[PDB]
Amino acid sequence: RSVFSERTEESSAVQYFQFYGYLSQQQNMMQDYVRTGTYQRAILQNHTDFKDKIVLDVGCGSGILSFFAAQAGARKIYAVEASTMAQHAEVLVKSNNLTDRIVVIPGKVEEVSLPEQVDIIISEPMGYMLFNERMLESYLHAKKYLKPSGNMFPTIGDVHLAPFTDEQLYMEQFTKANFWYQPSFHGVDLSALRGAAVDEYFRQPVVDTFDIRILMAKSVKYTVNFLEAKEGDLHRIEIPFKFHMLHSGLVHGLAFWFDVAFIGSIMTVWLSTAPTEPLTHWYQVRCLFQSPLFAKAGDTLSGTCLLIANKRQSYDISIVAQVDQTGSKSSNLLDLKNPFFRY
C-alpha cells in the first residue's frame, strides 16, 4: 500500500478530498488575504530561492502557490493534487500561458512519481491547531523528492498553547450538555446519559477567536522543524508545559494557535495565527476542561498535551494539567477531527 492509505481510513480520504474538490472552498482559502498575501510575500521576496529552480507544490489545489513560484522565476513546478481540483488547476495553467513551467500531477504525493528531484518544496499543510488533517505528514513524506541542499516553505512551525479563562464559553457548552440531565423530556428520563453527553460536548475543540485578555500566562512554544522532522515524528506528539500564572482565577482550558516561518535566503517571512494578529480562516482553538482549575497568580500550572494520530486524518488529544501548589489536576480528552466552529 501507499503510506497515505496505510494510515488513512478510506471513508475519511473520500470525504476529505471531496471537500477540497469544491471551487467555493478554494475561494474561501484564497480570500484569506493575510494567508494568500503572506505566502506571496514569502515567495516573491525570496525570489532567488525560486529563480530557475525545480519546485514541488504539495497539495496545490487551485494552484495559487505554484503561480507565485512561477512569478518568482521558477523554471519548472510540479503541482501535485489528489482531489478533482487538479483539473481546475490545469485550466488556469493553460489560460495563464504557463504550460511550459507548471505541470499538474494528479494524485496523492505518496503515490505519484515525479520526473526529477526538486530544489524546494512549497505547501500549505497547516490545519486547525497546526496538526489537524495530518497533511504535515504528506509534506514531510514529499522530502523523498528533495535534493540534499533543498529548502521547505514553510520551514518551521510553532504551536503556542496558553491557559485561558472564559466562564461564558464554559457555561455555553455545559448548557448544551445539560439537555441530557432532564428526568422527564416528554416523559422520558434522559439523565443516565448526562455523563456521556458532557464527555461528548467537552470532546469538541472550540474554533473561534477571542480577546487576548482571557489569557492567564505567557504561551509555551512547541516547534516542528520541517527540514529535519520525519513522518513518524507526528504519529505521537508530546507537548509538555509549565505555566507561570500571571493572573488569578479559573482556568477553563488551554488555547492553541500556530506560526509558520518561511526561512528563505533573502529574508524570513512569518505567517501567524496568534490572537494578537489579524484573524485568519484558522482562527484559534480552545480545549475546555470539564472541571476548571482554580489558580492563584504566581502558581505553576504543569502537565502534558498529548496528540495521537488516528486513521481519520486527525488526532486524539489528551490534556492533563495540574496546579502544582495544590495538586488540583484535570484530565481531558478531545477529538480534533470534530471541532465546534463558534465564530
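Under this definition, the rigid core comprises the largest set of C-alpha atoms superposing within 1.5 Å between the forms. From 1 onward, residues are counted along the sequence shown.
Out of 231 to 239 and 190 to 198, which one drifts farther from the shown form in 9 other deposited structures of this protein in terms of CA positions, with the fit done on the rigid core? After the core superposition, the stretch with higher RMS deviation in 9 other deposited structures of this protein is 190 to 198.
Greatest C-alpha divergence in 9 other deposited structures of this protein once each structure is fitted on the rigid core, 181 to 189 or 104 to 112: Higher root mean square deviation of C-alphas in 9 other deposited structures of this protein is shown by 181 to 189.
What stretch has the higher average Cα B-factor here, 68 to 76 or 174 to 182? Result: 174 to 182.
Hey, which bit's got the bigger mean C-alpha B factor in the entry, 253 to 261 or 204 to 212? Here the higher of the two C-alpha B-factor means belongs to 204 to 212.
With respect to the C-alpha temperature factors reported in the PDB entry, which of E133, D158, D166, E81 ranks highest? Largest recorded C-alpha B-factor: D166.
Sort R101, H141, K94, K242 by C-alpha B-factor from the entry and give me just the highest. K242 has the highest C-alpha B-factor of those listed.
Once the chain's modelled residues are ordered by C-alpha B factor and cut into thirds, is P115 in the lowest, middle or highest one? CA B-factor rank for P115: highest third.
By its CA B factor, does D32 count among the lowest, middle or highest third of the modelled residues in the chain? As the PDB entry reports it, the C-alpha B-factor of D32 lands in the lowest third of its chain.
Split the chain's modelled residues into thirds by Cα B-factor; is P148 in the lowest, middle or highest one? Tercile = highest for this residue's CA B-factor.
Could you tell me which third, lowest, middle or highest, the C-alpha B-factor of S248 occupies within its chain? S248: CA B-factor falls in the highest third of its chain.
Ordered by C-alpha B-factor within the chain, which third holds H47? Give me lowest, middle or highest, please. CA B-factor rank for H47: middle third.
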